[PDB]
Amino acid sequence: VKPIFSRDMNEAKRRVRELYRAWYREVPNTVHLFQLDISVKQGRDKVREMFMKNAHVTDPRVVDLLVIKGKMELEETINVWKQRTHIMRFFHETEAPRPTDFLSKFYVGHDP
Amino acid sequence: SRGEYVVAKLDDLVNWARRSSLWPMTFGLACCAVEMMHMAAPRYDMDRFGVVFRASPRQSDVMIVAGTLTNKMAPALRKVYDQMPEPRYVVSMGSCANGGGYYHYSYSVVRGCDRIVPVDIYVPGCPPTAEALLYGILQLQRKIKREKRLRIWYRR
Amino acid sequence: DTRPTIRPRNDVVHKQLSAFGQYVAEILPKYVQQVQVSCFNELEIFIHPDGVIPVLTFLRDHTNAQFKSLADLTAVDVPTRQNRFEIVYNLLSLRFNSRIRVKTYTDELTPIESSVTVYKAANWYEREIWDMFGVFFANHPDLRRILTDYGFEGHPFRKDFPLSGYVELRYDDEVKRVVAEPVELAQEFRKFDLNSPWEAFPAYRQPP
Amino acid sequence: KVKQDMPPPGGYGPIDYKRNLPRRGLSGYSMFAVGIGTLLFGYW
Amino acid sequence: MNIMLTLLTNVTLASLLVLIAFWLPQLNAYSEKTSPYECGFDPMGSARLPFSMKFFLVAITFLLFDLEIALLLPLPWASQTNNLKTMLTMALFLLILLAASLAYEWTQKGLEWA
Amino acid sequence: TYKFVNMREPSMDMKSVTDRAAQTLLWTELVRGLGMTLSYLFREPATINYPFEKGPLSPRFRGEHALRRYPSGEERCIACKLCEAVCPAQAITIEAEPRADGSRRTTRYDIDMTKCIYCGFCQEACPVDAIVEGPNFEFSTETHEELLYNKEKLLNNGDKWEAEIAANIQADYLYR
Amino acid sequence: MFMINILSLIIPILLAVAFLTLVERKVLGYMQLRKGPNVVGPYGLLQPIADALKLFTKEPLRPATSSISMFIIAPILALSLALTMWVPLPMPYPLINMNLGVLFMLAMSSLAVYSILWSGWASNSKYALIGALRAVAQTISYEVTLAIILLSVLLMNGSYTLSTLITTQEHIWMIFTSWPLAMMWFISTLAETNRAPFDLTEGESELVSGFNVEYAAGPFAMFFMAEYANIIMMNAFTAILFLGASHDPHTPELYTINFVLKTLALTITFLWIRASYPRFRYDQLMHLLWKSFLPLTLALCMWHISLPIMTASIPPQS
Amino acid sequence: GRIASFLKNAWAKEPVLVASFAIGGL
């Protein structure tokens, strides 16, 4: 199939690393500009966590699309198009912890 | 007692000033904003009651949410409300701002501005007529008239 | 038929549109796959997805096709096809007072050449197609969210995207900000099964 | 009998639809002369 | 000393109005309310960043024009002299030079912005 | 079939040039606009003295909903549920059971005025003229919950505005 | 007794400003087919009191990014100078009789500008900074023309003493002698007070609220009062300068009334202009004031210097 | 000839400057 930006996973992994460097070097500015009440480590760990969620992906086309969406998210953060509400949406705080144990799920509700 | 009478009379003076010089901010989101303009139109003339449309939120007393409150707009509406100096009031105009209206089951519509800001008066309609919005504002003036803020302080 | 209830049919425009469709198909056989003229005199040309720029540039610059105005640019999600997304171009020819349609197809991954170089209006239309459906347009000057929320995830106009979405907003007093939470409805959207069990139009009966 | 809302027999009257911004004031010569005369009287 | 009294009274009245404004109402302040206003959204940059003047030349020349206005102020008393010929020639000379400076700035595209 | 706005060259006659210079220097058109708004000053204002004076309305006005009853006193609503089916905002919620008499009577008829689009499709679909958008438009509430009307709220509304609702139906039913 | 005179010149001016707010609202309404404030009090006469009580019972907010000292000093300077520019006005007798009251008025106006500047700068907001820069540009455009026109019209007065203006116009209004200067001075006063077609410092439709966008409750009320007091004072200056009034030394009330009526007419014309024209662009404002007025002001300054000498009509020094 | 054309053009495009130079000249 026709590629999007890369023809090999190695080429696709290169763009992921480039995005990570841009994201990693942006977190100190994001905390400073948005006046976040978190630490630089928390944001950088959060960036790592979101990258690690899409770690099982093997199709280079999907990898390119994820980086394309990754750059779009970074542009909003750099340009302060996002707000403190948008930035802190990754750090789910109002959401109560949902246990993943069967017995805990059994006690709560009919959730399969 | 003489103390209660002075406080009650002072409370009436404070309430009368606030309710008779309500300054809504120029904040309109959708179809309901057009009918809001018709309340400021010569036929109904909101300025006749002292209701004057100031622009900056810091120089306003009432926020009339007139239109659909989308998810993209919700943080902007809250911050603009928070920048209003107290005492501030919110009047929800139209079914879109009341409980989502026509777009209640929409992925990008907040189901009523009540989930973002506390609302004092709910004006029903799609859009509510210029009298219906005027009725709600005049109802807000009556609600302010029933505010015993100092009278409670004397009994705190 | 005739009489006031029916809509009159104009054969002259039908013949003209069919002739022009044959003309376009002859000029551009490399990309044109199918040509149709609907009974209400609307011409559709079906183009291989690689033919976006060539066919549109021809329909814009050709002396016998001055479709210099991009009326619309939308996508149709049919999840029953390999290429679910169907990109539709609506053109207007002020010189000949007629309109034409160009339809291509694309997957959830295969990109489409951006027609910004052909029509400058295609910019925001392609941005909206990307935002709503997920179709990526290569060589696009600025592709980003145009209609959805800034931190929105998912493409809503897809047929498999839920009507009410997955997340909802509200103001929390603890965090002093608007927070996104999983969608919970006080009343569920009552889905209605309205299709009648009897065939309505015998002229569109598909083979068994 | 049918009693729809219909135009009166013979139709309605003529409706003006063109601009009628009138011509007002004096010519430039007259206005300048009046101004200069007032200036001269004030000077004297 | 009467002018000093008037100035003192006006300043005291204004400051008393400020005091009543800042101490009569019920105050409830929090971080979001006191944040800068940027039409509902958060500002991108600081308001103390450079703000380019497209009419800088106009201001620098307004300096000299204010100077010339200062030079022209004594004219009502200057008409009371016996040397009306010299006084009139010098006043017209100053006005002609002011007009010439304005014309030079105008023709050399100085009054234009950017 | 088309008209040229602007596209009007000015005459360069010395009289015309002098008139234009007089307009530029003496601000003739500015005084013209000033006179226009001064004339508007001495007009009678179009304001109405609300709430003592109310704006004009028509029998077709779509306002607060109400469930009407037959002259006998019984509800017209026979729970056909097509008013709920036609409602484009899905504001109507209807549940019905065979009443003790065995008739088709709703047990729940709930309309959230906070979701309704005041389209009228409900009153136009009802085959027995039961649900009818009445003439009331000033029913603003201080809380959201008051706008979620029950069957009792609608029935009560119908009984209050019946006289007027009937009169409006009688005035307009020939057009429907 | 002098303190009583100070109070009798300040408090009535504040009441006049308060009721001028209502007068403006009602005039705009009736020129817009509307009715001004008509519910609060009979014919709306109690609206200003309600507005003042609301503003002074409203919570004032101190911006987090704002420099507190300047943010508080600006409103005080604005009101104090607005109340001070009435001290030398001859109605018919001035509270403080200065030989150079006119230059005092010019200096007091020049200082008042810093109120808008500091209020804008200290507000620490982009819109407020834009408003302050627009105020700077506005004062760049009108100040020279204002001073030149004032000098030219005072060349027939003999001195900068304001009281002498009454004598100079004892037989004829000075507008019959300098009506082009009268027009240009009127436009310059419109531009100076940040008023009709020149409301660029505030810019309601373009800058939300301009320099005072971050001001609320009391300070905002003080800026509004200062603005309207400057409006009335500048209209009074226009009245005394061109529309002279008869003064019978034994019945000063005659002048006072005539003066008041002329000032009221000029303020009503200010509102009239406010509800009749669109707003300038401050680039166009500066271009107008520098390229249509200033050349003409210089020419008329030459003319009004040469005229008394060429006609042997030099006014007396004393 | 040329003077008349210049003055007519001057008072048609920039009438403000024409008056100022005339008043200043006088």
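Every chain is named by a letter (A, B, C, D, E, F, G and H) in the order it is written, and numbering of its residues begins at 1.
In this text, contacts are C-beta pairs under 8 Å (C-beta built on N, C-alpha and C of every residue); 3 or more make two chains touch, one makes a residue touch a chain.
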Which other chains touch subunit A while also touching subunit D? none
Chain pair with more C-beta contacts, B-E versus B-G: B-G
Chain whose averaged C-alpha position falls nearest the assembly-wide average: B
So the centre of each chain is just the mean of its C-alpha atoms; given that, what is the distance between subunit F and subunit H in Å? 62
Quick check: how many Å separate the C-alpha centres of subunit C and subunit E? 59
I'd like the Å distance between the centres of subunit A and subunit E, where a centre is the mean of that chain's Cα atoms. 53
Whole-Å gap separating subunit E and subunit H, where each centre is the average of the chain's CA atoms: 33
Two or more other chains in contact with one residue: find those residues in subunit H. 16, 19, 24
Hey, what residues on subunit G touch two or more of the other chains? 29, 32-35, 57-61, 208, 213-214, 217, 291, 295, 298, 302, 306
Provide the list of subunit E residues touching at least two other chains, using ranges where the numbers run on. 26, 28, 30-33, 35, 37, 39, 41-43, 95, 99
Considering the complex alone, what residue numbers of subunit D touch subunit F? 24-25, 27-29, 31-32, 35
Interface residues, subunit G side, partner subunit D - complex: 172, 174, 176-179, 307, 311
Residue set of subunit E touching subunit A in the complex reads 41-44
Of subunit E, residues touching subunit G in the complex: 2-3, 5-7, 9-11, 13-15, 17-18, 20-22, 24-29, 31, 33-39, 43, 47-48, 51, 53, 55, 58-59, 62, 65-66, 69, 72-73, 75-77, 79-80, 84, 88, 91-92, 95, 98-99, 102, 106, 111, 113
What residues on subunit B touch subunit F, complex-wise? 42-45, 48, 95, 98-102, 104-105, 112, 114, 119-126, 128-132, 134-136, 138-139, 143
